Every structure is written in structure tokens, then in C-alpha cells.
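K.L.:
Before we start, here is the structure in question, set down as C-alpha cells.
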Amino acid sequence: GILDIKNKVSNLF
């Protein structure tokens, strides 16, 4: 999911 990639990048930070 493209919201998931956002989610994960957001998580990493």
C-alpha cells in the first residue's frame, strides 16, 4: 500500500 510506505517512512523517523 502507498499509505503503508508513508506509514513506514513516518515510523522510521
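Identifiers in the C-alpha cells: chain A, B, ... in order shown; residue index from 1 per chain; ligand index from 1 in order shown.
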List every residue of chain A that DSSP, applied to the backbone of this structure, places in helix (DSSP H, G or I), and write the result as a list in words.

P.N.:
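Across chain A, those assigned helix (DSSP H, G or I) are residues 2, 3, 4, 5, 6, 7, 8, 9, 10, 11 and 12 of chain A.
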